[PDB]
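Peer 1: Protein chains in written order, with PDB author numbering: chain C, 4 to 332, 335 to 425, 583 to 677; chain A, 121 to 758; chain A', 121 to 758. A prime marks a further copy of an entry chain.
Each residue gets a CB set at the ideal place from its N, CA and C atoms; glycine is no exception.
Just dropping this structure here.
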Amino acid sequence: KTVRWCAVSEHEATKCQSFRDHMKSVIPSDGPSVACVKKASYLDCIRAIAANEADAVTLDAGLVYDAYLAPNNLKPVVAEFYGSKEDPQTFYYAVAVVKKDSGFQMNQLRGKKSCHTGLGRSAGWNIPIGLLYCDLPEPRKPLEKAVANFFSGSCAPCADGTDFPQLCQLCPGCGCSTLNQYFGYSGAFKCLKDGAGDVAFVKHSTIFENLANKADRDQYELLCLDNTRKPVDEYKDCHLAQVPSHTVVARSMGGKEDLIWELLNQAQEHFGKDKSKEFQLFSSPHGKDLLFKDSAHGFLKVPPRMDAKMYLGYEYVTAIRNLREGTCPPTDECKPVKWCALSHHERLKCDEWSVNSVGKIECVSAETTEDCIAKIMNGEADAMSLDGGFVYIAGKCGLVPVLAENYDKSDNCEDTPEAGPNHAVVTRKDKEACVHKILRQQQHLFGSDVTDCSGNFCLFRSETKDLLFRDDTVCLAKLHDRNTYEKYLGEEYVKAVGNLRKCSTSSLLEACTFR
Amino acid sequence: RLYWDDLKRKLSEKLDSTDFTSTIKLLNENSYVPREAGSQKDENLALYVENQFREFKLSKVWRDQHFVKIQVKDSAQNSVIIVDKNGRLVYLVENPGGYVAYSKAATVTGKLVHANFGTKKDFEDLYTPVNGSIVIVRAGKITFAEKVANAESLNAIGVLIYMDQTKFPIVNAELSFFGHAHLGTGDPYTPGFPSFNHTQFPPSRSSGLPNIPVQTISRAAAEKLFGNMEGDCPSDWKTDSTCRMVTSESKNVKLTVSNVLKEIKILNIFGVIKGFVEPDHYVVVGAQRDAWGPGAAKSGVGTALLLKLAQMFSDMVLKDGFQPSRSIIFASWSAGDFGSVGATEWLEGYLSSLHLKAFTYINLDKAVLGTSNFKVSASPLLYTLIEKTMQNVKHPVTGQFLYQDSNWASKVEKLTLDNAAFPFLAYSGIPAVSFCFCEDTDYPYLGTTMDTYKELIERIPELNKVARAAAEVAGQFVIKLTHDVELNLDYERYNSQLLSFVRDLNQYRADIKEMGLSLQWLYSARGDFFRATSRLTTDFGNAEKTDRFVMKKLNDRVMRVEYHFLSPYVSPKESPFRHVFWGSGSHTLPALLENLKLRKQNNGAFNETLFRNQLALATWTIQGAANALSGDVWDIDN
Amino acid sequence: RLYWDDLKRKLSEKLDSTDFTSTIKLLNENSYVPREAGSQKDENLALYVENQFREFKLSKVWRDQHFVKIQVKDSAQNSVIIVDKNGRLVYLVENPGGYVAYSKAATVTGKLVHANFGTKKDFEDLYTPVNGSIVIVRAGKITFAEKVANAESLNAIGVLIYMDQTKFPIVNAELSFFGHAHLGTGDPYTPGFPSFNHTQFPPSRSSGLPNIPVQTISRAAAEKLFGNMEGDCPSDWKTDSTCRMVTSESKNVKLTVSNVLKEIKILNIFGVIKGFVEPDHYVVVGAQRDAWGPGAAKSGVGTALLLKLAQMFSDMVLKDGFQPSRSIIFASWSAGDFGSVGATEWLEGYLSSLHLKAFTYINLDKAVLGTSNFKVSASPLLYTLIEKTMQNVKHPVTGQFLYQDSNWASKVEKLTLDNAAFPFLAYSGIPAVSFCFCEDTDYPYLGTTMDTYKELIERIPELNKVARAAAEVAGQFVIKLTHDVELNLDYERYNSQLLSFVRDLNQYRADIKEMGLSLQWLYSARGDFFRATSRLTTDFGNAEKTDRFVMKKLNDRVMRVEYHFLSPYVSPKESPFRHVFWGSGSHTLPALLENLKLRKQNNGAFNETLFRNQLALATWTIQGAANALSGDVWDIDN
Ligand SMILES: *[C@@H]1O[C@H](CO)[C@@H](O)[C@H](O)[C@H]1NC(C)=O
Ligand SMILES: *[C@@H]1O[C@H](CO)[C@@H](O)[C@H](O)[C@H]1NC(C)=O
Ligand SMILES: [Ca+2]
Ligand SMILES: [Ca+2]
Ligand SMILES: [Fe+3]
């Protein structure tokens, strides 16, 4: 069936109809087809897919956050890769480009003029501003007014010109369209080369997309975190931060994830890169970065389970939400550790424990053992007990274990670890310190206790059989070693579960092993 | 256009140019010197405020007139004398100038026992039985009504209230004070329903009305009574060395009270500024206008803060361009001295019109009493809003911010019956707040005629600055509550409240088990509530703040939070304070525990049948409040 | 995309292809022959419907399980015998096969008086005093509970219920019937609160529970009793020529009932189809599943209509593309035979979750009993929706439309206690509807085991067509209620209701005047209400139907209309049916008049103090319902 598509501005609308005419020549072998919808900005495209007007449009990782929020609810289906088709990359580098012999450094950006790709875009706004927000002079909110005072002049695509006059000093009206000379990667670079701004926050491939001469490229320098400057060609050694690649988004329900990928995998072969002389999906004579990014070299399937907040990951989602609220972080006071329960019996045991812990432990509920793991990732949960197999699944996501369920009774149980593999308490990177501390405090209050539970609470005993922990557990040993999923499962067991996961694959494992 | 910080600054500037003292003194002029509710001078200040509101060019200005029944001292002055065993004897002790409204009005005679403050705990420690005898107490331990209520429970004959010199550093020992003993909010003869000619005022009597006489007497009068009494009072209670425990078997006191009830015309003056995004939703700001004596501290300051806040906000809108998302109502209540009467009539009266339209109440009464510390009692749903304001406003004397105690949330005390905010939260289910630039020790002349402007300005040199700091705190509560799409109500605050409840009830898990009862359901009830708010929190995090529709569905749910804690089962008329956490009676969470404490002593004071029900209704009530908060009915499995 | 007419047609087509009889017979199979609430066969059909709902691929399917207490006939069968003055004598009259749930269960003996139907009016006309004597009545005059209630008020000892041959044309005169005497909705041992293990089932007893034994007996059994009785019954009552007024002084009857209460596991099966514009708002459709006997007419038909309607609407969405603005919930209740128990537990249980989320209820119980006329009892707010449907649907037998009586609105009768809809409207404040393809005379074997499929299909040849016409009427109520932005609730209908009230009360203006009372306030109360709806009507007329925001603010106000008629003052637990117009007790408008009627006879039955309050609360309640409806709080001056 016909897969509608959203286009921004006239230049992209002309590339859309060309995306239509060219395709219908070799189409349709089975069914796929493309359509064209007119929209003023990307914000209009996200709102359109939610109203069923469109079906899919490519968004920047930083603009994905706005697409999955209510009521838009849009989940990415196909993500484009950068580099080559041989060795695909699911993450591009965000970097700050400046002129040579400028004098300005990363720490000294105040007063200087800026060129941003687009308000809310990874390389253009989220990463560059992300590090300056906590250094910005109050008030921090609105974040836009803070930036309008930090930089003297600036061009922020998609920004409110009426509410913020300084944010559109370089590009009046702050257009979000290709109609605006200063828009996107190549648009922010033409804002630097034109001497309008002293700095342009873009991608590492932006320098090569605009300039071809290595002699012309030496006229520019690259800013680095440690307040230094290195050759542009050294993007890997000197950059700001790594961010997820641009992906096409569609509705979570009724978005036709398969009918869109069937089109894109067939479109990259007919009108892709190094395949046709008539039409190119990543190149157009009417404009740059139309529909897709010129720096892209194809597409890749976004797993089923993987949602918007899982595609960006904890590290990045939290950073965006903190950037919009103006939150700037250790006091080592800790926060209640959110335990994840699975069954009805687990939550009941958890609830009775939450009250007994004086609020130190809280309870979050999940449907499946795999679903609790997902919540620990995005932040909805903090820790849960997992068996050897699942620890491998969780580890491949980004959760490192900190406790092990010992079963052998000894004088010093917590002090000495046990190999086995045994049940491990996986947690998130940041909440590893407190989980290590809080659960150790309960051990002295609800651990090895006389059989008087009838009156008091007992942490290891379950009303039925193995609820939050295994009943035959004596104590929770602390892993003094910075143990990961690889450092805890030895070496032979690691390869064991890996190959077994080859045939029997879960929806989570294929998600955590995607990027 | 205008963000928070731009509003904070525009407010501060307006405050700097505003002169409060001048207004507080103008309200203490000879034309407003006596404010007794329903007086010609009470109405005088009523018209003033009305015309003042109209002058501020507010979007709408209206007035409600109720015909409630108060009580007064007639031509037959009351008197307290000591008599002999056969009949009248000894000497005349005092001719009270002040009285206690809603007293039984009768003549009683009997032994006189000192119950100290009159707390239910004070009576239990008394070595002398209070049954069949007149008791004398010291005010401020608990409301006047509670002292009488606790005494009547232990079968007292009458009650005498005085002001010792320790708690009250007043030179003039002949000074008398006023108060009411109604254990109720608003008029006591239209319990649970509005006082309007509409109802024809059918015969109805509040259960909060005492069946025992209550009279106030000066310090000197009490000392005269102690001279006829023996038994040194315990050092436990910081009191005068005059204090005497009981009377001699030869002579006992004879109290005679003959107060007569009077029907008056009370006036409630309002002023409303319409919001632009949501006109129907509104926060309410009120202040007592009536006063037994001059009332500079009791009502003078508050009514002044109301006039100015209505002024400052009208200016910010008309001139500055401040755009309010939700309406703001300013109310000047009357009959306050008789128990938030004016306000409570309005609540009982337009309950249907404010069901879920009114999201918060800010009370200005007694906001300035001292200068030492900053006190605030309110609904948890405002704790965060308060905390954020404490660390935003600077103390009027010390340059430091109001946020100095991190664990201040845990030190907050429940709202009492005498507070005008009580009715709003416990009855209407509208989050209420009541802050104070209080002093470690309560204001001396609070009920005395002594509460003049001279006395206030003298005990508080920098009155104007403190009044401004006050107006500022309330001013930000308004800016925060109506400013932006998000409602600054923190439904999450309650988790601590429920955790506290369950933890205290878990202590008695031994008795629970002994009875055919399990405490597992309450553990879940609390958990389900926490997960409910968490999901709500995330639902806010995963939403587009700019989408009018998705926020309404989220802010609407948040507003109920308070409502859902009002126990549905009890009749609002007989038990108006339905809120489980802050209301009154058996239904309230405290009552459930209070009753279970009696089970530990194995005595017959504990009612098992009652407890089983107290428990069953409470657990569901917590449980149902949780099921609702989530978002939908079909989705919640458990 | 799809408009009304396109939906009407798509519904009719689905109906034509749907076979109802086949389903009604499948529910009468040997595996579902006995449905007694809580039985293994009751749960059998419960699972079936659940799996059937899940099969219809509905958006969500859940179940609630309550542990309520019903009553059953144990090993000790009850018995009715006639005895002598000194002791046992005469002969055994009958060994009842059927009983009356919630009977006092005890042995009583005394004279036997025929109270006919048992109406409060029937007792007043009796020439023979009912005090201290057993009374025998004929069912269908008023609910079984009311017959017992009215008799106990006049101090009866016990009650006997039978089915005369006139009102009941049943050949087999030995046939016995079942019923309950609880003057309450839902379980009687968890009055006013949900029955869930959560509550631990604290000791609680419904006030609707009788303190007198009640037993059912066959026609033959009663005729045997009439043989020992003298006194020809009045022709006034169309009854058998066997009927006898009273027993001879030589021999009187001795009733012995020993029913024992039993705890059972009741199951409520649900299914919800989410709307697209407003998921949270929803209309509820339900049908009783349990049945004492086979219950083809009592529950067979209804449960069948529920399954098919859930089917037809799932198809219209999944396939046809029907887009519902608001969700639709389908409920299969149990324990219905004991007084809407299953349903009422759900209402008491998720009241907070459905406060203003559930806007209407459609009941399918007893929708097909005859074929002569079409009967419907519901809230005025649905009168218009009904009228429009009556003239849209065609009678299953005669080709003419259902709209034949123009003044049908004035012939509509209140919803009764036995109707599953009653709890929804009178307790929850959710407009409810209950239509019927009724017959001038009620179904004979309604409670009898006689209510089989054979008997139903035989008394109603074209059962399938009548079932379809039924499903169609309910089907359009759903299409109308969830279809478009406007809510088909006609708040204006009530003006007639209030006008009627005031007009009847104006008749007694003489007595009103004699007492210190004026009736002017109620005149205004009604007027203010009318102007309130009129303004609402115009506010709808002056709005852009396509604007989501301006309609929510207008539809939200409309939904409350019903809620605001639920008297706030009375405790929901003791007096659950709070609605003034359709509830029970003194608070209800009828009660106010009922009591004033006693004032005309100048006897001591009239309570003045009560009336003054009945009046004061009622007038405000009408008055406050009007103030709210307008739109805002500040604007209304009067
Ligand atoms: C209201 O009733 C009072 C007597 O209680 C009377 O003095 C007053 O005039 C009445 N006012 C109205 C409007 O009925
Ligand atoms: C609920 O209580 C009943 C006894 O009334 C018991 O048989 C049943 O097992 C209990 N179920 C649960 C979940 O507590
Ligand atoms: Ca009142
Ligand atoms: Ca119940
Ligand atoms: Fe990017």
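Roughly how many angstroms lie between the CA atoms of A:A340 and A:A293, to the nearest whole one?
Peer 2: On the second sequence, position 220 is the one that residue 340 of chain A refers to. On the second sequence, position 173 is the one that residue 293 of chain A refers to. Computed Cα separation, rounded: 5 Å.
Peer 1: Name the DSSP bridge partner or partners of C:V246?
Peer 2: As a first step, residue 246 of chain C is located in the first sequence; it is residue number 243 there, counting from the start. BP columns for C:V246 point to C:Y95.
Peer 1: Would you say A:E163 lies against chain C (beta-carbon separation less than 7 Å)?
Peer 2: For this step, residue 163 of chain A is matched to residue 43 along the second sequence. With 7 Å as the cut-off, A:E163 does not count as an interface residue toward chain C.
Peer 1: A:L619 versus chain C: which residues are under 9 Å apart at the beta carbon?
Peer 2: As a first step, residue 619 of chain A is located in the second sequence; it is residue number 499 there, counting from the start. In chain order: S359, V360, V363, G364.
Peer 1: Shorter than 6 Å, the distance from the beta carbon of A':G306 to the closest heavy atom of ligand 4, or not?
Peer 2: Working through the third sequence from its first residue, we reach residue 306 of chain A' at position 186. Yes, Cβ of A':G306 sits closer than 6 Å to a heavy atom of ligand 4.
Peer 1: Just to make sure I have the definition right: I need the residues of chain A whose C-beta is within less than 8 Å of the C-beta of C:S624. Which are they?
Peer 2: The count along the first sequence starts at 1 and reaches residue 624 of chain C at position 462. The premise fails here: C:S624 is roughly 13 Å from chain A at the closest Cβ pair, so nothing lies under 8 Å.
Peer 1: Is A':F187 near ligand 2, in the sense that its beta carbon is under 6 Å from a heavy atom of that ligand?
Peer 2: As a first step, residue 187 of chain A' must be located in the third sequence, where it is residue number 67. Answer for A':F187: yes, Cβ within range of ligand 2.
Peer 1: What residue ranges within the segment 655-704 of chain A' form continuous alpha helix (DSSP H) runs of no fewer than 4 residues, ordered along the chain?
Peer 2: 668-683
Peer 1: Alpha carbon to alpha carbon, what distance is there between A:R364 and A:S370?
Peer 2: For the purposes of this step, residue 370 of chain A is identified with residue 250 of the second sequence, where counting begins at 1. For the purposes of this step, residue 364 of chain A is identified with residue 244 of the second sequence, where counting begins at 1. So the alpha carbons of these two residues sit roughly 16 Å apart.
Peer 1: For C:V320, which residues of its own chain have a beta-carbon under 6 Å away from its beta-carbon, when the five flanking residues on both sides are left out?
Peer 2: The count along the first sequence starts at 1 and reaches residue 320 of chain C at position 317. Only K312 meet the Cβ criterion.
Peer 1: Would A:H401 be called buried (16 or more neighbouring beta carbons within 10 Å of its own) or exposed?
Peer 2: Taking the first residue of the second sequence as 1, we reach residue 401 of chain A at position 281. Counting Cβ neighbours within 10 Å, A:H401 comes out buried, since at least 16 surround it.
Peer 1: Distance cutoff 7 Å, beta carbons only. Does A:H318 sit that close to anything in chain A'?
Peer 2: Taking the first residue of the second sequence as position 1, residue 318 of chain A is located at position 198. Output row for A:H318: interface = yes.
Peer 1: Please specify which runs of the alpha helix (DSSP H), each continuous and at least 4 residues long, are wholly inside the segment 197-254 of chain A, giving them in chain order.
Peer 2: 240-245
Peer 1: So residue 334 of chain C is in the alpha helix (DSSP H); what residue range does that whole segment cover?
Peer 2: Missing here is residue 334 of chain C: after 332, the next number in chain C is 335.
Peer 1: Measure the CB-CB distance between A:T305 and A:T509 and report whether it falls below 7 Å.
Peer 2: Within the second sequence, residue 305 of chain A is the residue found at index 185, counting from 1. Within the second sequence, residue 509 of chain A is the residue found at index 389, counting from 1. Going by C-beta atoms, A:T305 is not nearer than 7 Å to A:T509.
Peer 1: For A':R446, which three-state DSSP category applies?
Peer 2: Start at 1 with the first residue of the third sequence, and residue 446 of chain A' comes out as number 326. The answer is strand: DSSP assigns A':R446 an E or B state.
Peer 1: Spell out the partners DSSP gives A':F288 in its beta bridges.
Peer 2: In the third sequence, residue 288 of chain A' corresponds to position 168, counting from 1. In DSSP, A':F288 forms no bridge with anything.
Peer 1: Would you verify that the beta carbon of A:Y643 is, or is not, closer than 7 Å to some beta carbon of chain C?
Peer 2: Within the second sequence, residue 643 of chain A is the residue found at index 523, counting from 1. Chain C, which has a Cβ nearer than 7 Å to the Cβ of A:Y643, makes this yes.
Peer 1: Quick check on the burial criterion: 16 or more other C-beta atoms within 10 angstroms. Buried or exposed for A:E266?
Peer 2: What you label residue 266 of chain A is simply residue 146 of the second sequence in a count that begins at 1. By the 10 Å Cβ count, A:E266 comes out buried.
Peer 1: A':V200 to A:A725, Cα distance in whole Å?
Peer 2: Residue 200 of chain A' sits at position 80 when you count from the first residue of the third sequence. Residue 725 of chain A sits at position 605 when you count from the first residue of the second sequence. About 46 Å.
Peer 1: Any heavy atom of ligand 3 inside 6 Å of the beta-carbon of A:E350?
Peer 2: Locating residue 350 of chain A in the second sequence gives position 230, counting from the first residue. No - ligand 3 has no heavy atom lying nearer than 6 Å to the Cβ of A:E350.
Peer 1: So what's A:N388 in DSSP terms, helix, strand or just coil?
Peer 2: Here residue 388 of chain A refers to the residue found at position 268 of the second sequence. Note: A:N388 maps to strand in three-state DSSP.
Peer 1: In the DSSP assignment, what are the bridge partners of A':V257?
Peer 2: Numbered from 1 along the third sequence, position 137 holds the residue referred to as residue 257 of chain A'. Answer is A':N236, A':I281.
Peer 1: Beta-carbon separation of residue 759 of chain A and A:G420 under 7 Å?
Peer 2: It is not possible to answer for residue 759 of chain A, since the shown part of chain A is limited to 121 through 758.
Peer 1: How do the segment 608-625 of chain C and the segment 387-404 of chain C stand: do at least 3 beta-carbon pairs fall below 8 Å, yes or no?
Peer 2: no
Peer 1: Measuring straight from C-alpha to C-alpha, what distance separates A:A451 and A:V169?
Peer 2: What you label residue 451 of chain A is simply residue 331 of the second sequence in a count that begins at 1. What you label residue 169 of chain A is simply residue 49 of the second sequence in a count that begins at 1. So the alpha carbons of these two residues sit roughly 10 Å apart.
Peer 1: Report yes or no: is there a C-beta of chain C within less than 7 Å of the C-beta of A:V670?
Peer 2: Your numbering for residue 670 of chain A matches position 550 in the second sequence. Judged by the 7 Å Cβ criterion, A:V670 is in contact with chain C.
Peer 1: Nearest chain A C-beta to C:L408 closer than 7 Å, yes or no?
Peer 2: In the first sequence, counting from the first residue as 1, residue 408 of chain C sits at position 403. No, because no Cβ of chain A sits closer than 7 Å to the Cβ of C:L408.
Peer 1: What is the rounded straight-line gap between the Cα of C:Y314 and the Cα of C:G190?
Peer 2: The residue given as residue 314 of chain C occupies position 311 in the first sequence. The residue given as residue 190 of chain C occupies position 187 in the first sequence. Distance between the alpha carbons of C:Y314 and C:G190 is about 27 Å.
Peer 1: Out of A:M570, A:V405, A:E612, point me to the one whose CA is closest to A:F555's CA.
Peer 2: By one-based count along the second sequence, residue 555 of chain A stands at place 435. Among A:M570, A:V405, A:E612, the Cα nearest to that of A:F555 belongs to A:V405.
Peer 1: Spell out the partners DSSP gives A:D352 in its beta bridges.
Peer 2: Stepping through the second sequence from its first residue, residue 352 of chain A is reached at position 232. In DSSP, A:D352 forms a bridge with A:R364.
Peer 1: Looking only at its chain, what residues have a beta carbon closer than 6 Å to the beta carbon of A:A269, apart from the 5 residues adjacent to it on each side?
Peer 2: Position 149 of the second sequence, counted from the first residue, corresponds to residue 269 of chain A. Cβ within range, chain order: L303.
Peer 1: Given the structure, does A':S315 come close to ligand 4, in the sense that its CB is under 6 Å from one of the ligand's heavy atoms?
Peer 2: In the third sequence, the residue the question calls residue 315 of chain A' occupies position 195. Within the cutoff, so yes.
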